[PDB]
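For reference, the structure is listed below as structure tokens.
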Amino acid sequence: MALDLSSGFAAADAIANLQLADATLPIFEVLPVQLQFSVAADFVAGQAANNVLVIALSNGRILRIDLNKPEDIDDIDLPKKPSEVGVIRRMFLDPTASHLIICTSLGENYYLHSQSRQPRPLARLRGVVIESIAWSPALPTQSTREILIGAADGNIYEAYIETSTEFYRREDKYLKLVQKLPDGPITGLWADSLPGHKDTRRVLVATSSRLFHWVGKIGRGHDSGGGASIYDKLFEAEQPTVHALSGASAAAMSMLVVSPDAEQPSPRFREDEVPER
């Protein structure tokens, strides 16, 4: 194990040097991470954000490894489960926080945080199938955060929740439907801010058959009563951008990403004002 990881790393380095020696620079070098895990279970999913690596195991085990100090490993032991529980299929790690969301093939959703280590199920989702859940980084990791629910039925729910470390202890506070996607199940939701305005954000939804885009607010006036107000307006307006992906014999699972750079040319809108993120 440990000796094979070291040799695999050295071999990967030799390969990167051979690629440039034989031809041209690869630009991106690919090397294995030397993780010394004596784990029989196979990896099924994972994340890498906020300086932490996350490994999802087929038996539900969660591994949290520092990305800058890989020797620092937190191995979290879950409660015993039946084989009927299935495996973890999707993972989301808050890009600006240590909070982790675990999603399984059964639609079960668990929240995990290093304060308690061991993950807990959300009671409010026991009767609801959610493929993936995510948090919006458009809000500061200090007080109020906005949650995005990637429902399997295409129903997108949103709420403004005050940080309490463990977010599974909240009784659906200010949680309401904002958008509906009848065309297919959501693979997950991702979000960021809109730099042209101090209180505005953007959220995208990925589904197996469609892509939708809509907007909302990140102002403090929307943390409670104003939250419900803006959600109603966005729902009633019913004017998202819609794109389709063919169901060409594929699961069509996908992820939404952000590109935080406006320095380079982009030959569709090369104007004086070039948007970031």
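The way I read the labels, and the way they are meant: chains A, B, ... in the order of the structure tokens, residue 1 as the first residue of every chain, and ligand 1 as the first ligand shown, with later ones counted on from there.
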I need the residues of segment 31-219 of chain A that end up classed as strand (DSSP E or B) by DSSP on the backbone, written out as a PDB file with N, CA and C atoms, in the first residue's frame.
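Final output, saved to result_9.pdb:
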```
ATOM      1  N   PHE A  43     -14.177   3.289  -3.498  1.00  0.00           N
ATOM      2  CA  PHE A  43     -14.639   4.670  -3.577  1.00  0.00           C
ATOM      3  C   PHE A  43     -15.801   4.748  -4.566  1.00  0.00           C
ATOM      4  N   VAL A  44     -16.847   5.483  -4.211  1.00  0.00           N
ATOM      5  CA  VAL A  44     -17.981   5.641  -5.121  1.00  0.00           C
ATOM      6  C   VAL A  44     -18.205   7.090  -5.548  1.00  0.00           C
ATOM      7  N   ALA A  45     -17.722   8.026  -4.738  1.00  0.00           N
ATOM      8  CA  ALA A  45     -17.917   9.452  -4.992  1.00  0.00           C
ATOM      9  C   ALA A  45     -16.922  10.263  -4.171  1.00  0.00           C
ATOM     10  N   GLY A  46     -16.786  11.552  -4.470  1.00  0.00           N
ATOM     11  CA  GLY A  46     -15.927  12.395  -3.645  1.00  0.00           C
ATOM     12  C   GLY A  46     -15.962  13.871  -4.029  1.00  0.00           C
ATOM     13  N   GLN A  47     -15.254  14.674  -3.235  1.00  0.00           N
ATOM     14  CA  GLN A  47     -15.174  16.125  -3.394  1.00  0.00           C
ATOM     15  C   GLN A  47     -13.784  16.646  -3.053  1.00  0.00           C
ATOM     16  N   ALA A  48     -13.460  17.829  -3.556  1.00  0.00           N
ATOM     17  CA  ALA A  48     -12.207  18.487  -3.215  1.00  0.00           C
ATOM     18  C   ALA A  48     -12.396  19.992  -3.225  1.00  0.00           C
ATOM     19  N   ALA A  49     -12.606  20.566  -2.049  1.00  0.00           N
ATOM     20  CA  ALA A  49     -12.864  21.996  -1.951  1.00  0.00           C
ATOM     21  C   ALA A  49     -12.542  22.508  -0.555  1.00  0.00           C
ATOM     22  N   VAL A  52     -10.072  20.673   1.638  1.00  0.00           N
ATOM     23  CA  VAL A  52     -10.365  19.333   2.149  1.00  0.00           C
ATOM     24  C   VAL A  52     -10.836  18.351   1.068  1.00  0.00           C
ATOM     25  N   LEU A  53     -10.213  17.174   1.048  1.00  0.00           N
ATOM     26  CA  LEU A  53     -10.593  16.076   0.166  1.00  0.00           C
ATOM     27  C   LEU A  53     -11.653  15.225   0.845  1.00  0.00           C
ATOM     28  N   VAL A  54     -12.672  14.827   0.099  1.00  0.00           N
ATOM     29  CA  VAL A  54     -13.717  13.986   0.656  1.00  0.00           C
ATOM     30  C   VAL A  54     -13.875  12.700  -0.131  1.00  0.00           C
ATOM     31  N   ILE A  55     -13.805  11.571   0.561  1.00  0.00           N
ATOM     32  CA  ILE A  55     -13.990  10.289  -0.099  1.00  0.00           C
ATOM     33  C   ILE A  55     -15.247   9.596   0.396  1.00  0.00           C
ATOM     34  N   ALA A  56     -16.131   9.259  -0.535  1.00  0.00           N
ATOM     35  CA  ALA A  56     -17.332   8.509  -0.206  1.00  0.00           C
ATOM     36  C   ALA A  56     -17.116   7.040  -0.510  1.00  0.00           C
ATOM     37  N   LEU A  57     -17.389   6.196   0.473  1.00  0.00           N
ATOM     38  CA  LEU A  57     -17.223   4.759   0.323  1.00  0.00           C
ATOM     39  C   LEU A  57     -18.561   4.086   0.075  1.00  0.00           C
ATOM     40  N   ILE A  62     -17.078   7.912   5.475  1.00  0.00           N
ATOM     41  CA  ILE A  62     -16.632   9.202   4.957  1.00  0.00           C
ATOM     42  C   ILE A  62     -15.217   9.522   5.417  1.00  0.00           C
ATOM     43  N   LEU A  63     -14.356   9.863   4.468  1.00  0.00           N
ATOM     44  CA  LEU A  63     -12.987  10.236   4.799  1.00  0.00           C
ATOM     45  C   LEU A  63     -12.732  11.700   4.459  1.00  0.00           C
ATOM     46  N   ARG A  64     -12.223  12.457   5.429  1.00  0.00           N
ATOM     47  CA  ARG A  64     -11.886  13.863   5.209  1.00  0.00           C
ATOM     48  C   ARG A  64     -10.379  14.081   5.332  1.00  0.00           C
ATOM     49  N   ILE A  65      -9.746  14.501   4.240  1.00  0.00           N
ATOM     50  CA  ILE A  65      -8.294  14.657   4.216  1.00  0.00           C
ATOM     51  C   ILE A  65      -7.897  16.080   3.846  1.00  0.00           C
ATOM     52  N   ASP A  66      -7.016  16.691   4.626  1.00  0.00           N
ATOM     53  CA  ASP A  66      -6.555  18.035   4.283  1.00  0.00           C
ATOM     54  C   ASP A  66      -5.805  18.017   2.948  1.00  0.00           C
ATOM     55  N   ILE A  73      -5.628  13.130   8.481  1.00  0.00           N
ATOM     56  CA  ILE A  73      -6.796  12.379   8.042  1.00  0.00           C
ATOM     57  C   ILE A  73      -7.837  12.187   9.137  1.00  0.00           C
ATOM     58  N   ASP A  74      -9.078  12.558   8.831  1.00  0.00           N
ATOM     59  CA  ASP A  74     -10.210  12.322   9.720  1.00  0.00           C
ATOM     60  C   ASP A  74     -11.122  11.231   9.160  1.00  0.00           C
ATOM     61  N   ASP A  75     -11.045  10.042   9.750  1.00  0.00           N
ATOM     62  CA  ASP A  75     -11.830   8.892   9.297  1.00  0.00           C
ATOM     63  C   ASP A  75     -13.120   8.759  10.106  1.00  0.00           C
ATOM     64  N   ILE A  76     -14.264   9.028   9.479  1.00  0.00           N
ATOM     65  CA  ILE A  76     -15.533   9.054  10.201  1.00  0.00           C
ATOM     66  C   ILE A  76     -16.296   7.734  10.101  1.00  0.00           C
ATOM     67  N   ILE A  88     -23.352   5.638  -1.806  1.00  0.00           N
ATOM     68  CA  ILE A  88     -23.291   7.069  -2.067  1.00  0.00           C
ATOM     69  C   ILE A  88     -23.035   7.306  -3.551  1.00  0.00           C
ATOM     70  N   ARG A  89     -23.827   8.177  -4.167  1.00  0.00           N
ATOM     71  CA  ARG A  89     -23.677   8.428  -5.598  1.00  0.00           C
ATOM     72  C   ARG A  89     -23.224   9.847  -5.903  1.00  0.00           C
ATOM     73  N   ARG A  90     -23.630  10.792  -5.065  1.00  0.00           N
ATOM     74  CA  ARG A  90     -23.321  12.193  -5.311  1.00  0.00           C
ATOM     75  C   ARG A  90     -22.806  12.855  -4.045  1.00  0.00           C
ATOM     76  N   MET A  91     -21.855  13.766  -4.205  1.00  0.00           N
ATOM     77  CA  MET A  91     -21.276  14.468  -3.067  1.00  0.00           C
ATOM     78  C   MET A  91     -21.177  15.961  -3.338  1.00  0.00           C
ATOM     79  N   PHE A  92     -21.368  16.760  -2.293  1.00  0.00           N
ATOM     80  CA  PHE A  92     -21.159  18.200  -2.389  1.00  0.00           C
ATOM     81  C   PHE A  92     -20.430  18.751  -1.176  1.00  0.00           C
ATOM     82  N   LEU A  93     -19.308  19.410  -1.417  1.00  0.00           N
ATOM     83  CA  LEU A  93     -18.580  20.059  -0.338  1.00  0.00           C
ATOM     84  C   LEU A  93     -18.631  21.564  -0.522  1.00  0.00           C
ATOM     85  N   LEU A 100     -20.153  19.371   4.755  1.00  0.00           N
ATOM     86  CA  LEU A 100     -20.273  18.385   3.685  1.00  0.00           C
ATOM     87  C   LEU A 100     -21.680  17.799   3.569  1.00  0.00           C
ATOM     88  N   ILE A 101     -22.148  17.640   2.333  1.00  0.00           N
ATOM     89  CA  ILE A 101     -23.422  16.974   2.079  1.00  0.00           C
ATOM     90  C   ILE A 101     -23.234  15.640   1.361  1.00  0.00           C
ATOM     91  N   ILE A 102     -23.830  14.593   1.925  1.00  0.00           N
ATOM     92  CA  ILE A 102     -23.751  13.245   1.362  1.00  0.00           C
ATOM     93  C   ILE A 102     -25.096  12.789   0.795  1.00  0.00           C
ATOM     94  N   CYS A 103     -25.109  12.365  -0.469  1.00  0.00           N
ATOM     95  CA  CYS A 103     -26.353  11.919  -1.096  1.00  0.00           C
ATOM     96  C   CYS A 103     -26.236  10.501  -1.658  1.00  0.00           C
ATOM     97  N   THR A 104     -27.260   9.682  -1.414  1.00  0.00           N
ATOM     98  CA  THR A 104     -27.231   8.278  -1.821  1.00  0.00           C
ATOM     99  C   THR A 104     -28.248   7.959  -2.912  1.00  0.00           C
ATOM    100  N   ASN A 109     -30.402  11.843   2.342  1.00  0.00           N
ATOM    101  CA  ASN A 109     -29.475  12.960   2.439  1.00  0.00           C
ATOM    102  C   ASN A 109     -28.980  13.147   3.862  1.00  0.00           C
ATOM    103  N   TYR A 110     -27.660  13.188   4.012  1.00  0.00           N
ATOM    104  CA  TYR A 110     -27.038  13.352   5.317  1.00  0.00           C
ATOM    105  C   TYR A 110     -26.139  14.580   5.344  1.00  0.00           C
ATOM    106  N   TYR A 111     -26.141  15.289   6.467  1.00  0.00           N
ATOM    107  CA  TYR A 111     -25.226  16.413   6.653  1.00  0.00           C
ATOM    108  C   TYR A 111     -24.088  16.037   7.583  1.00  0.00           C
ATOM    109  N   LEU A 112     -22.882  16.460   7.225  1.00  0.00           N
ATOM    110  CA  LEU A 112     -21.694  16.149   8.011  1.00  0.00           C
ATOM    111  C   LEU A 112     -20.863  17.397   8.297  1.00  0.00           C
ATOM    112  N   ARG A 120     -25.671  13.024   9.950  1.00  0.00           N
ATOM    113  CA  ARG A 120     -27.048  12.766  10.354  1.00  0.00           C
ATOM    114  C   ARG A 120     -28.020  13.025   9.202  1.00  0.00           C
ATOM    115  N   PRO A 121     -29.073  12.204   9.090  1.00  0.00           N
ATOM    116  CA  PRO A 121     -30.137  12.269   8.104  1.00  0.00           C
ATOM    117  C   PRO A 121     -31.047  13.461   8.347  1.00  0.00           C
ATOM    118  N   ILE A 130     -34.347  13.347  -2.966  1.00  0.00           N
ATOM    119  CA  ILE A 130     -33.471  14.403  -3.468  1.00  0.00           C
ATOM    120  C   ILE A 130     -32.169  13.789  -3.968  1.00  0.00           C
ATOM    121  N   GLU A 131     -31.827  14.025  -5.233  1.00  0.00           N
ATOM    122  CA  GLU A 131     -30.601  13.459  -5.793  1.00  0.00           C
ATOM    123  C   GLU A 131     -29.357  14.174  -5.277  1.00  0.00           C
ATOM    124  N   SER A 132     -29.448  15.495  -5.132  1.00  0.00           N
ATOM    125  CA  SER A 132     -28.319  16.275  -4.640  1.00  0.00           C
ATOM    126  C   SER A 132     -28.748  17.569  -3.954  1.00  0.00           C
ATOM    127  N   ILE A 133     -27.985  17.969  -2.939  1.00  0.00           N
ATOM    128  CA  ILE A 133     -28.221  19.214  -2.207  1.00  0.00           C
ATOM    129  C   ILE A 133     -26.931  20.022  -2.112  1.00  0.00           C
ATOM    130  N   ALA A 134     -27.049  21.348  -2.185  1.00  0.00           N
ATOM    131  CA  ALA A 134     -25.875  22.214  -2.195  1.00  0.00           C
ATOM    132  C   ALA A 134     -26.133  23.538  -1.481  1.00  0.00           C
ATOM    133  N   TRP A 135     -25.053  24.173  -1.033  1.00  0.00           N
ATOM    134  CA  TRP A 135     -25.120  25.501  -0.430  1.00  0.00           C
ATOM    135  C   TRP A 135     -24.590  26.563  -1.384  1.00  0.00           C
ATOM    136  N   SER A 136     -25.170  27.757  -1.313  1.00  0.00           N
ATOM    137  CA  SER A 136     -24.739  28.871  -2.148  1.00  0.00           C
ATOM    138  C   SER A 136     -23.640  29.707  -1.481  1.00  0.00           C
ATOM    139  N   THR A 144     -25.913  34.168   7.847  1.00  0.00           N
ATOM    140  CA  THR A 144     -26.951  33.542   7.036  1.00  0.00           C
ATOM    141  C   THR A 144     -26.380  32.889   5.784  1.00  0.00           C
ATOM    142  N   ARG A 145     -26.830  31.668   5.513  1.00  0.00           N
ATOM    143  CA  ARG A 145     -26.467  30.947   4.300  1.00  0.00           C
ATOM    144  C   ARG A 145     -27.724  30.546   3.540  1.00  0.00           C
ATOM    145  N   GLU A 146     -27.612  30.400   2.227  1.00  0.00           N
ATOM    146  CA  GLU A 146     -28.758  29.980   1.431  1.00  0.00           C
ATOM    147  C   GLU A 146     -28.591  28.550   0.938  1.00  0.00           C
ATOM    148  N   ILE A 147     -29.620  27.737   1.153  1.00  0.00           N
ATOM    149  CA  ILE A 147     -29.587  26.330   0.771  1.00  0.00           C
ATOM    150  C   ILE A 147     -30.370  26.069  -0.505  1.00  0.00           C
ATOM    151  N   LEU A 148     -29.817  25.209  -1.352  1.00  0.00           N
ATOM    152  CA  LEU A 148     -30.446  24.822  -2.605  1.00  0.00           C
ATOM    153  C   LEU A 148     -30.773  23.325  -2.606  1.00  0.00           C
ATOM    154  N   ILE A 149     -32.052  22.984  -2.766  1.00  0.00           N
ATOM    155  CA  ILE A 149     -32.465  21.579  -2.782  1.00  0.00           C
ATOM    156  C   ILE A 149     -32.698  21.062  -4.205  1.00  0.00           C
ATOM    157  N   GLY A 150     -31.834  20.146  -4.647  1.00  0.00           N
ATOM    158  CA  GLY A 150     -31.896  19.557  -5.986  1.00  0.00           C
ATOM    159  C   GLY A 150     -32.817  18.340  -6.039  1.00  0.00           C
ATOM    160  N   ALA A 151     -34.120  18.580  -5.958  1.00  0.00           N
ATOM    161  CA  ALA A 151     -35.097  17.494  -5.878  1.00  0.00           C
ATOM    162  C   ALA A 151     -35.126  16.633  -7.140  1.00  0.00           C
ATOM    163  N   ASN A 155     -38.409  19.789  -8.466  1.00  0.00           N
ATOM    164  CA  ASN A 155     -38.853  20.889  -7.616  1.00  0.00           C
ATOM    165  C   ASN A 155     -37.693  21.507  -6.843  1.00  0.00           C
ATOM    166  N   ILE A 156     -37.333  22.736  -7.193  1.00  0.00           N
ATOM    167  CA  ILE A 156     -36.223  23.402  -6.525  1.00  0.00           C
ATOM    168  C   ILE A 156     -36.707  24.214  -5.345  1.00  0.00           C
ATOM    169  N   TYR A 157     -36.209  23.868  -4.168  1.00  0.00           N
ATOM    170  CA  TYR A 157     -36.584  24.574  -2.953  1.00  0.00           C
ATOM    171  C   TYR A 157     -35.400  25.366  -2.432  1.00  0.00           C
ATOM    172  N   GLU A 158     -35.684  26.520  -1.837  1.00  0.00           N
ATOM    173  CA  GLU A 158     -34.634  27.380  -1.306  1.00  0.00           C
ATOM    174  C   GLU A 158     -35.006  27.920   0.071  1.00  0.00           C
ATOM    175  N   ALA A 159     -33.998  28.146   0.911  1.00  0.00           N
ATOM    176  CA  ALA A 159     -34.228  28.744   2.225  1.00  0.00           C
ATOM    177  C   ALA A 159     -33.020  29.533   2.711  1.00  0.00           C
ATOM    178  N   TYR A 160     -33.284  30.589   3.474  1.00  0.00           N
ATOM    179  CA  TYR A 160     -32.234  31.316   4.181  1.00  0.00           C
ATOM    180  C   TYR A 160     -32.110  30.794   5.607  1.00  0.00           C
ATOM    181  N   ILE A 161     -30.955  30.222   5.923  1.00  0.00           N
ATOM    182  CA  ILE A 161     -30.748  29.579   7.213  1.00  0.00           C
ATOM    183  C   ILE A 161     -29.552  30.163   7.960  1.00  0.00           C
ATOM    184  N   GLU A 162     -29.762  30.526   9.225  1.00  0.00           N
ATOM    185  CA  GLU A 162     -28.680  31.052  10.053  1.00  0.00           C
ATOM    186  C   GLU A 162     -27.725  29.935  10.459  1.00  0.00           C
ATOM    187  N   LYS A 176     -39.241  27.213   0.750  1.00  0.00           N
ATOM    188  CA  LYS A 176     -40.345  27.246  -0.204  1.00  0.00           C
ATOM    189  C   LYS A 176     -39.881  26.934  -1.625  1.00  0.00           C
ATOM    190  N   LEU A 177     -40.807  26.463  -2.456  1.00  0.00           N
ATOM    191  CA  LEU A 177     -40.517  26.189  -3.861  1.00  0.00           C
ATOM    192  C   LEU A 177     -40.223  27.481  -4.612  1.00  0.00           C
ATOM    193  N   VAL A 178     -39.150  27.490  -5.395  1.00  0.00           N
ATOM    194  CA  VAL A 178     -38.827  28.670  -6.185  1.00  0.00           C
ATOM    195  C   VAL A 178     -38.961  28.396  -7.681  1.00  0.00           C
ATOM    196  N   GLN A 179     -38.454  27.254  -8.139  1.00  0.00           N
ATOM    197  CA  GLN A 179     -38.555  26.904  -9.556  1.00  0.00           C
ATOM    198  C   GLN A 179     -38.953  25.444  -9.738  1.00  0.00           C
ATOM    199  N   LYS A 180     -39.610  25.143 -10.857  1.00  0.00           N
ATOM    200  CA  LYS A 180     -40.003  23.767 -11.163  1.00  0.00           C
ATOM    201  C   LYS A 180     -39.462  23.318 -12.520  1.00  0.00           C
ATOM    202  N   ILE A 186     -33.018  16.510 -10.986  1.00  0.00           N
ATOM    203  CA  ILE A 186     -31.873  17.389 -10.792  1.00  0.00           C
ATOM    204  C   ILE A 186     -30.639  16.629 -10.328  1.00  0.00           C
ATOM    205  N   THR A 187     -29.513  16.850 -11.004  1.00  0.00           N
ATOM    206  CA  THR A 187     -28.264  16.188 -10.638  1.00  0.00           C
ATOM    207  C   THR A 187     -27.564  16.981  -9.541  1.00  0.00           C
ATOM    208  N   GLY A 188     -27.908  18.265  -9.455  1.00  0.00           N
ATOM    209  CA  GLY A 188     -27.486  19.117  -8.349  1.00  0.00           C
ATOM    210  C   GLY A 188     -27.587  20.599  -8.694  1.00  0.00           C
ATOM    211  N   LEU A 189     -27.444  21.437  -7.672  1.00  0.00           N
ATOM    212  CA  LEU A 189     -27.580  22.882  -7.816  1.00  0.00           C
ATOM    213  C   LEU A 189     -26.306  23.597  -7.389  1.00  0.00           C
ATOM    214  N   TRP A 190     -25.910  24.609  -8.150  1.00  0.00           N
ATOM    215  CA  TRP A 190     -24.720  25.390  -7.823  1.00  0.00           C
ATOM    216  C   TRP A 190     -24.978  26.877  -8.022  1.00  0.00           C
ATOM    217  N   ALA A 191     -24.253  27.709  -7.281  1.00  0.00           N
ATOM    218  CA  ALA A 191     -24.548  29.136  -7.256  1.00  0.00           C
ATOM    219  C   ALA A 191     -23.308  29.973  -6.990  1.00  0.00           C
ATOM    220  N   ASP A 192     -23.415  31.259  -7.309  1.00  0.00           N
ATOM    221  CA  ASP A 192     -22.390  32.249  -6.996  1.00  0.00           C
ATOM    222  C   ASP A 192     -23.015  33.642  -7.017  1.00  0.00           C
ATOM    223  N   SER A 193     -22.221  34.661  -6.713  1.00  0.00           N
ATOM    224  CA  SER A 193     -22.720  36.034  -6.689  1.00  0.00           C
ATOM    225  C   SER A 193     -22.691  36.673  -8.073  1.00  0.00           C
ATOM    226  N   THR A 200     -27.198  40.742  -5.226  1.00  0.00           N
ATOM    227  CA  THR A 200     -27.759  39.821  -6.216  1.00  0.00           C
ATOM    228  C   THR A 200     -26.874  38.592  -6.440  1.00  0.00           C
ATOM    229  N   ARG A 201     -27.518  37.447  -6.692  1.00  0.00           N
ATOM    230  CA  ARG A 201     -26.820  36.194  -6.990  1.00  0.00           C
ATOM    231  C   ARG A 201     -27.417  35.461  -8.188  1.00  0.00           C
ATOM    232  N   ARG A 202     -26.697  34.446  -8.663  1.00  0.00           N
ATOM    233  CA  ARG A 202     -27.141  33.611  -9.778  1.00  0.00           C
ATOM    234  C   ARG A 202     -27.107  32.132  -9.405  1.00  0.00           C
ATOM    235  N   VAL A 203     -28.151  31.394  -9.779  1.00  0.00           N
ATOM    236  CA  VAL A 203     -28.196  29.961  -9.499  1.00  0.00           C
ATOM    237  C   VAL A 203     -28.542  29.161 -10.750  1.00  0.00           C
ATOM    238  N   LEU A 204     -27.814  28.072 -10.964  1.00  0.00           N
ATOM    239  CA  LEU A 204     -28.070  27.192 -12.095  1.00  0.00           C
ATOM    240  C   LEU A 204     -28.520  25.822 -11.610  1.00  0.00           C
ATOM    241  N   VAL A 205     -29.370  25.166 -12.391  1.00  0.00           N
ATOM    242  CA  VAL A 205     -29.787  23.806 -12.072  1.00  0.00           C
ATOM    243  C   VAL A 205     -29.487  22.831 -13.192  1.00  0.00           C
ATOM    244  N   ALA A 206     -28.822  21.738 -12.847  1.00  0.00           N
ATOM    245  CA  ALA A 206     -28.532  20.700 -13.817  1.00  0.00           C
ATOM    246  C   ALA A 206     -29.486  19.534 -13.640  1.00  0.00           C
ATOM    247  N   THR A 207     -30.067  19.087 -14.746  1.00  0.00           N
ATOM    248  CA  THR A 207     -30.920  17.907 -14.765  1.00  0.00           C
ATOM    249  C   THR A 207     -30.434  16.962 -15.846  1.00  0.00           C
ATOM    250  N   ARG A 210     -32.373  18.689 -18.882  1.00  0.00           N
ATOM    251  CA  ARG A 210     -32.443  20.143 -19.065  1.00  0.00           C
ATOM    252  C   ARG A 210     -31.455  20.942 -18.214  1.00  0.00           C
ATOM    253  N   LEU A 211     -31.208  22.173 -18.646  1.00  0.00           N
ATOM    254  CA  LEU A 211     -30.515  23.178 -17.844  1.00  0.00           C
ATOM    255  C   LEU A 211     -31.373  24.428 -17.699  1.00  0.00           C
ATOM    256  N   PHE A 212     -31.553  24.894 -16.467  1.00  0.00           N
ATOM    257  CA  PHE A 212     -32.283  26.139 -16.227  1.00  0.00           C
ATOM    258  C   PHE A 212     -31.424  27.138 -15.459  1.00  0.00           C
ATOM    259  N   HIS A 213     -31.653  28.425 -15.704  1.00  0.00           N
ATOM    260  CA  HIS A 213     -30.960  29.477 -14.957  1.00  0.00           C
ATOM    261  C   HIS A 213     -31.926  30.528 -14.418  1.00  0.00           C
ATOM    262  N   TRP A 214     -31.754  30.898 -13.147  1.00  0.00           N
ATOM    263  CA  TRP A 214     -32.558  31.953 -12.536  1.00  0.00           C
ATOM    264  C   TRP A 214     -31.733  32.745 -11.523  1.00  0.00           C
ATOM    265  N   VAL A 215     -32.283  33.860 -11.053  1.00  0.00           N
ATOM    266  CA  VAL A 215     -31.557  34.761 -10.164  1.00  0.00           C
ATOM    267  C   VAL A 215     -32.283  34.981  -8.845  1.00  0.00           C
ATOM    268  N   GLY A 216     -31.604  35.631  -7.904  1.00  0.00           N
ATOM    269  CA  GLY A 216     -32.193  35.953  -6.609  1.00  0.00           C
ATOM    270  C   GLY A 216     -31.335  36.956  -5.847  1.00  0.00           C
ATOM    271  N   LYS A 217     -31.625  37.129  -4.561  1.00  0.00           N
ATOM    272  CA  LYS A 217     -30.954  38.150  -3.761  1.00  0.00           C
ATOM    273  C   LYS A 217     -30.115  37.548  -2.637  1.00  0.00           C
TER     274      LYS A 217
END
```
Can you measure atom CA of residue 94 of chain A to atom CA of residue 122 of chain A for me? One decimal in Å is fine.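 Taking atom CA of residue 94 of chain A and atom CA of residue 122 of chain A, their separation equals 17.4 Å.
Between atom CA of residue 185 of chain A and atom CA of residue 123 of chain A there is a distance of 21.0 Å.
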